[PDB]
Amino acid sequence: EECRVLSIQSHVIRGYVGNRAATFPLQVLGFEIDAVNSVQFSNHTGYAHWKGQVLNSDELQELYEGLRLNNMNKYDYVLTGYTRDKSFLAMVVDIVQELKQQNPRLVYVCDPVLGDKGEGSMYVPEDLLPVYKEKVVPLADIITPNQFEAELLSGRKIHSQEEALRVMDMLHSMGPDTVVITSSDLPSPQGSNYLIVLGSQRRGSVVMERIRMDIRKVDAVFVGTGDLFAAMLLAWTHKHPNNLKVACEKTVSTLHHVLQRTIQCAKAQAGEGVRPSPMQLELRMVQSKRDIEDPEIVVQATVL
């Protein structure tokens, strides 16, 4: 009874982002995850330099054909994240579409990376938005947008928790049964150094489970945390199917331990009061193996 995941995201030689942030953790948890490297770069673009090559839509299709010709196109989950190419995203769609005809129970976990905010900056060309809205989101079962992307995808601005839950409702109608807004500008009663995370899941009649978590903000900028988050949400939602509460507590806790370790190590390498380089800030992935297998819970999600 193996669980197979096709994860189509970027690859870097040094460091952890994309498939590099998603693969080791999912393997450690027991998933037969296959990685399609959308690109292969020396390191992430947050460094002073980078070099690499990209996979084009034709090559992505060629790889799928090999899998299909061998009858190896039967997956339990599909996982996608940052893509900067309209043509590539469209091929992804055709593939998930076909994997779904092949296995109707397939769960597509989509991290709709578009940009972030007090105002916004896109990370992808503007023509991807319509594809995400019209072709990607409708195929997805789990999406993990941040506030800014939740707004973009729904066309509505979010100024509060209730408008956020209304925007998730609209996203559910677009198709996915699970929506988790991974970061927002909503205030927490816990302090200015906290942010709100909201999750919603539609699931015997039709019931809704909605949750809220208040989590500490990052005194720095880490790469690959959203890729890690999506991969972990996939794993924990798989293990605790009708419990978005526990699944998010484990996902977030796992992120906590990885970042905590990353932060201690980075400070121990940069100076005292010295802001660490992007290299020292790379996720301490391999060293958090035990936190990935069984993370100590350090957040409680409240059911709304």
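Between two forms, the rigid core is defined as the largest C-alpha subset superposing within 1.5 Å. Heads up: residue numbers just count along the shown sequence, starting at 1.
Relative to the shown model and aligned on the rigid core, the C-alphas in 6 other deposited structures of this protein deviate most, among 136-144 and 186-194, for 186-194. Between stretches 177-185 and 225-233, greater average Cα displacement in 6 other deposited structures of this protein relative to the shown form, fitted by the core, falls on 177-185. Gaps at residue 241 occur in none of the other compared entries of the protein that contain both adjacent residues, all of which model it rather than a third dropping it. Across the other entries compared, none leave residue 34 without coordinates where the residues on each side are present, so it is far from a third. A chain break between residue 166 and residue 167 is not present, all residues of the deposited sequence in that interval being modelled.
Per the record, residue 203 and residue 204 are separated by a gap of 4 to 9 residues from the deposited sequence that were not modelled.
When the C-alpha B-factors of 214-222 and 230-238 are averaged, 214-222 comes out higher. When the C-alpha B-factors of 58-66 and 269-277 are averaged, 269-277 comes out higher. Of the residues listed, 121, 144, 161, 102, the entry assigns the biggest Cα temperature factor to 121. By the numbers in the PDB entry, the CA B factor is greatest at 85 among 76, 111, 85, 98. Residue-level temperature factors show residue 185 in the highest third of its chain, judged at the C-alpha atom. For residue 303, the recorded CA B-factor ranks within the highest third of the chain. Only modelled residues enter the ranking.
In this PDB entry, the Cα temperature factor of residue 293 sits in the bottom third of its chain's modelled residues, the lowest group.
In this PDB entry, residue 154 carries a Cα temperature factor that places it within the highest third of its chain's modelled residues.
Ranked within its chain, residue 91 lands in the lowest third, by CA B factor from the PDB record.
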